[PDB]
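Colleague: So that you have it, the file is model-v7.cif, and it contains mmCIF, C-alpha atoms:
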data_run
loop_
_atom_site.group_PDB
_atom_site.id
_atom_site.type_symbol
_atom_site.label_atom_id
_atom_site.label_comp_id
_atom_site.auth_asym_id
_atom_site.auth_seq_id
_atom_site.Cartn_x
_atom_site.Cartn_y
_atom_site.Cartn_z
ATOM 1 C CA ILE X 553 0.000 0.000 0.000
ATOM 2 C CA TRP X 554 3.008 2.350 0.062
ATOM 3 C CA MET X 555 5.268 1.303 -2.837
ATOM 4 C CA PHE X 556 2.188 0.875 -5.053
ATOM 5 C CA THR X 557 1.377 4.585 -4.820
ATOM 6 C CA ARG X 558 5.118 5.332 -4.918
ATOM 7 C CA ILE X 559 5.256 3.983 -8.496
ATOM 8 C CA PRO X 560 4.096 6.420 -11.211
ATOM 9 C CA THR X 561 1.933 5.273 -14.106
ATOM 10 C CA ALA X 562 3.020 5.330 -17.755
ATOM 11 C CA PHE X 563 1.748 4.043 -21.099
ATOM 12 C CA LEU X 564 3.812 2.652 -24.037
ATOM 13 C CA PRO X 565 7.404 3.516 -23.036
ATOM 14 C CA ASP X 566 9.645 4.882 -25.753
ATOM 15 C CA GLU X 567 12.203 2.897 -27.765
ATOM 16 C CA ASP X 568 14.686 3.795 -30.482
ATOM 17 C CA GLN X 569 12.795 2.981 -33.743
ATOM 18 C CA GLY X 570 15.492 4.643 -35.885
ATOM 19 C CA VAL X 571 13.469 7.747 -36.843
ATOM 20 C CA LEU X 572 13.313 11.304 -35.550
ATOM 21 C CA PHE X 573 11.279 14.403 -36.402
ATOM 22 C CA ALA X 574 12.516 17.972 -36.698
ATOM 23 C CA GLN X 575 9.927 20.760 -36.810
ATOM 24 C CA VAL X 576 10.813 24.267 -38.010
ATOM 25 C CA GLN X 577 8.586 27.313 -37.465
ATOM 26 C CA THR X 578 9.761 30.640 -38.883
ATOM 27 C CA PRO X 579 8.150 33.850 -37.548
ATOM 28 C CA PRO X 580 4.796 34.680 -39.158
ATOM 29 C CA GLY X 581 4.825 36.541 -42.445
ATOM 30 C CA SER X 582 8.142 35.093 -43.588
ATOM 31 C CA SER X 583 8.697 33.675 -47.051
ATOM 32 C CA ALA X 584 9.805 30.183 -48.039
ATOM 33 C CA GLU X 585 13.359 31.385 -48.712
ATOM 34 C CA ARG X 586 13.817 32.490 -45.093
ATOM 35 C CA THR X 587 12.526 29.109 -43.916
ATOM 36 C CA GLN X 588 14.633 27.177 -46.436
ATOM 37 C CA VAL X 589 17.862 28.933 -45.421
ATOM 38 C CA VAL X 590 17.217 27.824 -41.827
ATOM 39 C CA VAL X 591 16.242 24.263 -42.766
ATOM 40 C CA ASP X 592 19.305 23.526 -44.900
ATOM 41 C CA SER X 593 21.475 25.134 -42.215
ATOM 42 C CA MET X 594 19.990 22.832 -39.585
ATOM 43 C CA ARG X 595 20.545 19.735 -41.715
ATOM 44 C CA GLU X 596 24.086 20.748 -42.688
ATOM 45 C CA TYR X 597 24.992 21.528 -39.077
ATOM 46 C CA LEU X 598 23.806 18.126 -37.818
ATOM 47 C CA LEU X 599 24.697 15.918 -40.773
ATOM 48 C CA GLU X 600 28.437 15.946 -40.035
ATOM 49 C CA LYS X 601 28.350 17.089 -36.405
ATOM 50 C CA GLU X 602 26.190 14.011 -35.762
ATOM 51 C CA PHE Q 803 -11.271 52.327 -57.341
ATOM 52 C CA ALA Q 804 -9.455 50.165 -54.772
ATOM 53 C CA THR Q 805 -7.372 50.759 -51.654
ATOM 54 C CA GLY Q 806 -5.808 48.427 -49.111
ATOM 55 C CA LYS Q 807 -4.972 48.152 -45.437
ATOM 56 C CA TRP Q 808 -3.202 45.642 -43.236
ATOM 57 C CA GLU Q 809 -5.193 43.531 -40.785
ATOM 58 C CA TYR Q 810 -4.265 40.723 -38.414
ATOM 59 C CA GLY Q 811 -5.650 37.250 -39.073
ATOM 60 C CA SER Q 812 -5.032 33.573 -38.517
ATOM 61 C CA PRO Q 813 -3.522 31.234 -41.135
ATOM 62 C CA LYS Q 814 -4.966 28.004 -39.668
ATOM 63 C CA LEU Q 815 -8.599 27.962 -38.581
ATOM 64 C CA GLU Q 816 -10.072 24.828 -37.054
ATOM 65 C CA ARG Q 817 -13.392 23.438 -35.845
ATOM 66 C CA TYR Q 818 -14.413 20.677 -33.444
ATOM 67 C CA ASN Q 819 -17.860 19.017 -33.685
ATOM 68 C CA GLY Q 820 -18.947 21.761 -36.067
ATOM 69 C CA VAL Q 821 -18.150 24.698 -33.780
ATOM 70 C CA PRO Q 822 -15.008 26.908 -33.688
ATOM 71 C CA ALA Q 823 -12.309 25.608 -31.373
ATOM 72 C CA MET Q 824 -8.563 25.751 -30.756
ATOM 73 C CA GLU Q 825 -6.364 22.798 -29.860
ATOM 74 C CA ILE Q 826 -3.820 22.618 -27.025
ATOM 75 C CA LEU Q 827 -1.447 19.712 -26.347
ATOM 76 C CA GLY Q 828 1.454 19.015 -24.007
ATOM 77 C CA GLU Q 829 3.063 16.507 -21.643
ATOM 78 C CA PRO Q 830 2.802 15.713 -17.925
ATOM 79 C CA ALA Q 831 5.528 16.722 -15.499
ATOM 80 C CA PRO Q 832 8.732 14.607 -15.486
ATOM 81 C CA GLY Q 833 7.933 11.794 -13.082
ATOM 82 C CA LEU Q 834 4.202 12.550 -12.865
ATOM 83 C CA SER Q 835 1.404 10.531 -14.442
ATOM 84 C CA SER Q 836 -1.263 11.534 -16.961
ATOM 85 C CA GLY Q 837 -4.219 11.143 -14.580
ATOM 86 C CA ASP Q 838 -3.174 13.878 -12.166
ATOM 87 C CA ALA Q 839 -1.905 15.921 -15.127
ATOM 88 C CA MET Q 840 -5.380 15.805 -16.679
ATOM 89 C CA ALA Q 841 -6.740 16.583 -13.212
ATOM 90 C CA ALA Q 842 -4.433 19.631 -13.348
ATOM 91 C CA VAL Q 843 -6.320 21.016 -16.383
ATOM 92 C CA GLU Q 844 -10.045 21.364 -15.650
ATOM 93 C CA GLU Q 845 -9.488 23.655 -12.648
ATOM 94 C CA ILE Q 846 -8.106 26.180 -15.138
ATOM 95 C CA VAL Q 847 -11.147 25.703 -17.412
ATOM 96 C CA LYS Q 848 -13.434 27.601 -15.027
ATOM 97 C CA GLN Q 849 -11.058 30.587 -15.407
ATOM 98 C CA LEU Q 850 -12.287 31.217 -18.966
ATOM 99 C CA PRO Q 851 -14.840 33.597 -20.479
ATOM 100 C CA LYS Q 852 -18.396 32.337 -20.463
ATOM 101 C CA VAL S 263 13.326 62.618 -54.562
ATOM 102 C CA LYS S 264 13.498 61.877 -50.855
ATOM 103 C CA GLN S 265 16.446 63.206 -48.850
ATOM 104 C CA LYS S 266 18.324 61.383 -46.065
ATOM 105 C CA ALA S 267 15.783 58.746 -45.066
ATOM 106 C CA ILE S 268 15.400 55.358 -43.395
ATOM 107 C CA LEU S 269 14.996 52.055 -45.256
ATOM 108 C CA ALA S 270 14.139 49.327 -42.761
ATOM 109 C CA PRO S 271 14.483 45.633 -43.642
ATOM 110 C CA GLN S 272 11.280 43.681 -44.141
ATOM 111 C CA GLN S 273 12.305 41.052 -41.584
ATOM 112 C CA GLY S 274 12.096 43.567 -38.742
ATOM 113 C CA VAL S 275 8.754 45.278 -39.407
ATOM 114 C CA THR S 276 5.428 43.601 -38.684
ATOM 115 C CA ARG S 277 1.769 44.464 -38.182
ATOM 116 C CA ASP S 278 -0.351 43.682 -35.140
ATOM 117 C CA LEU S 279 -3.890 43.717 -33.774
ATOM 118 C CA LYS S 280 -6.050 45.825 -36.166
ATOM 119 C CA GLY S 281 -3.243 48.360 -36.155
ATOM 120 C CA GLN S 282 -0.152 49.578 -37.912
ATOM 121 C CA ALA S 283 3.462 48.669 -38.549
ATOM 122 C CA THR S 284 5.653 48.098 -35.488
ATOM 123 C CA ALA S 285 9.233 47.080 -34.833
ATOM 124 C CA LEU S 286 11.263 45.888 -31.876
ATOM 125 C CA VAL S 287 14.352 47.982 -31.147
ATOM 126 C CA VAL S 288 17.193 47.653 -28.664
ATOM 127 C CA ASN S 289 17.256 50.454 -26.095
ATOM 128 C CA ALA S 290 20.330 52.231 -24.755
ATOM 129 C CA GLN S 291 20.306 49.922 -21.710
ATOM 130 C CA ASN S 292 19.873 46.777 -23.902
ATOM 131 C CA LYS S 293 16.114 46.538 -23.400
ATOM 132 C CA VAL S 294 13.548 45.682 -26.059
ATOM 133 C CA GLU S 295 11.227 48.566 -26.949
ATOM 134 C CA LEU S 296 8.191 48.565 -29.241
ATOM 135 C CA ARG S 297 8.049 51.331 -31.844
ATOM 136 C CA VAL S 298 5.203 52.458 -34.094
ATOM 137 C CA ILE S 299 6.078 53.103 -37.748
ATOM 138 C CA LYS S 300 4.228 54.476 -40.771
ATOM 139 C CA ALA S 301 5.945 52.157 -43.258
ATOM 140 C CA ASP S 302 3.956 52.240 -46.507
ATOM 141 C CA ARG S 303 6.127 51.899 -49.622
ATOM 142 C CA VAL S 304 8.374 48.996 -50.606
ATOM 143 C CA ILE S 305 11.842 49.656 -52.000
ATOM 144 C CA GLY S 306 13.156 46.272 -53.101
ATOM 145 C CA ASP S 307 13.025 44.290 -49.868
ATOM 146 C CA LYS S 308 12.912 47.364 -47.620
ATOM 147 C CA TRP S 309 10.175 49.492 -46.091
ATOM 148 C CA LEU S 310 10.539 53.231 -46.636
ATOM 149 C CA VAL S 311 10.132 54.387 -43.039
ATOM 150 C CA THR S 312 8.542 57.840 -42.930
ATOM 151 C CA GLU S 313 7.909 58.425 -39.211
ATOM 152 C CA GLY S 314 8.797 56.318 -36.198
#
Write the structure described by the file as structure tokens, please.
Modeller:
Amino acid sequence: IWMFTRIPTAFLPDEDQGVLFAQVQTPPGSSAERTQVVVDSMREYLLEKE
Amino acid sequence: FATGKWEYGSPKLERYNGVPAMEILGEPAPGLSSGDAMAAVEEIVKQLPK
Amino acid sequence: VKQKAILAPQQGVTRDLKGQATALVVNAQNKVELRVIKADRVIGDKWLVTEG
């Protein structure tokens, strides 16, 4: 009755699964060039650094 | 015969059960469960406009 | 021909809340201040700032 409530509850714990998502949100009103120059920067700065 | 002016709008409108709504998502606290986290939501819901 | 005038970049000027053009500036004490502009005309990728 103590260690039961001491244990927190979860649901479907996370594994590796080999995939990852990156989400980019430029400030509102910006064009696709301003978003693209951030996106290719963030792939080129974590394609060889990782 | 035509002028213009700048207004302030939303680029993504959304509806739930055929009525206008907005959608909020998040995670529970690190170490806390989802039951008490969802219990830590509806006490804020009374602090809304009618 | 306009004399010595201000051409702000389009990345720094934005509209808000049934109102007019605004920009965020850095103060003398490195604080962020909101300023009200009357930017109307577009020169390339700049706003011709008239007052503000």
Colleague: Give as a list in words the residues that the PyMOL selection byres ((chain X) within 12 of (chain S)) matches when applied to the coordinates above.
Modeller: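 Matching residues under the PyMOL selection byres ((chain X) within 12 of (chain S)) are residues 578, 579, 580, 581, 582, 583 and 586 of chain X.
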Colleague: Check the smallest atom-to-atom distance from each of Q:808, Q:838, Q:815, Q:852 to residue 283 (chain S) using all atoms listed in the file, then report the winner.
Modeller: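 Once distances to residue 283 (chain S) are computed over all atoms listed in the file, the minimum belongs to Q:808.
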Colleague: Output the residue selection produced by the PyMOL selection byres ((chain S) within 9 of (chain Q)) on the file above, formatted as a PyMOL selection string.
Modeller: chain S and resi 277-283
Colleague: Q:806, Q:813, Q:828, Q:822: which is nearest chain X, counting all atoms listed in the file?
Modeller: Q:813
Colleague: What are the nearest atom pairs, with distances in Å to one decimal, for all residues of chain X that come at most 10 Å from chain Q, using all atoms listed in the file, set out by chain and rising residue number as CSV?
Modeller:
residue,atom,partner,partner_atom,distance
X:559,CA,Q:833,CA,9.4
X:560,CA,Q:835,CA,5.9
X:561,CA,Q:835,CA,5.3
X:562,CA,Q:835,CA,6.4
X:563,CA,Q:836,CA,9.1
X:580,CA,Q:813,CA,9.2
X:581,CA,Q:813,CA,10.0
Colleague: May I ask for the distance between CA of residue 589 (chain X) and CA of residue 270 (chain S), given in Å to one decimal place?
Modeller: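 CA of residue 270 (chain S) lies at a distance of 20.9 Å from CA of residue 589 (chain X).
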Colleague: Report, in Å with one decimal, the straight-line distance from CA of residue 577 (chain X) to CA of residue 816 (chain Q).
Modeller: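 Taking CA of residue 577 (chain X) and CA of residue 816 (chain Q), their separation equals 18.8 Å.
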Colleague: What does the structure give for the distance between CA of residue 268 (chain S) and CA of residue 302 (chain S), in Å to one decimal?
Modeller: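 Spanning CA of residue 268 (chain S) to CA of residue 302 (chain S) is a straight-line distance of 12.3 Å.
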Colleague: Please give the centre and size of the box around region 272-285 of chain S (axis-aligned, containing every atom listed in the file, 3 Å added per side), with values in Å to one decimal and written as lines of an AutoDock Vina configuration file.
Modeller:
center_x = 3.1
center_y = 45.3
center_z = -39.0
size_x = 24.4
size_y = 14.5
size_z = 16.4
Colleague: Could you list as a list in words every residue that has an atom within 10 Å of (11.2, 44.9, -45.7), using the file's coordinates and counting only C-alpha atoms?
Modeller: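 Residues with an atom at most 10 Å from (11.2, 44.9, -45.7): residues 269, 270, 271, 272, 273, 274, 275, 276, 301, 303, 304, 305, 306, 307, 308, 309, 310 and 311 of chain S.
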Colleague: If the PyMOL selection byres ((chain S and resi 313) around 9) were run on this exact file, what residues would it hold? Put them as a JSON list (two decimals) with C-alpha atoms, keeping the file's coordinate frame.
Modeller:
[["chain", "number", "residue", "atom", "x", "y", "z"],
["S", 298, "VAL", "CA", 5.20, 52.46, -34.09],
["S", 299, "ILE", "CA", 6.08, 53.10, -37.75],
["S", 300, "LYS", "CA", 4.23, 54.48, -40.77],
["S", 301, "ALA", "CA", 5.94, 52.16, -43.26],
["S", 311, "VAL", "CA", 10.13, 54.39, -43.04],
["S", 312, "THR", "CA", 8.54, 57.84, -42.93],
["S", 314, "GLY", "CA", 8.80, 56.32, -36.20]]
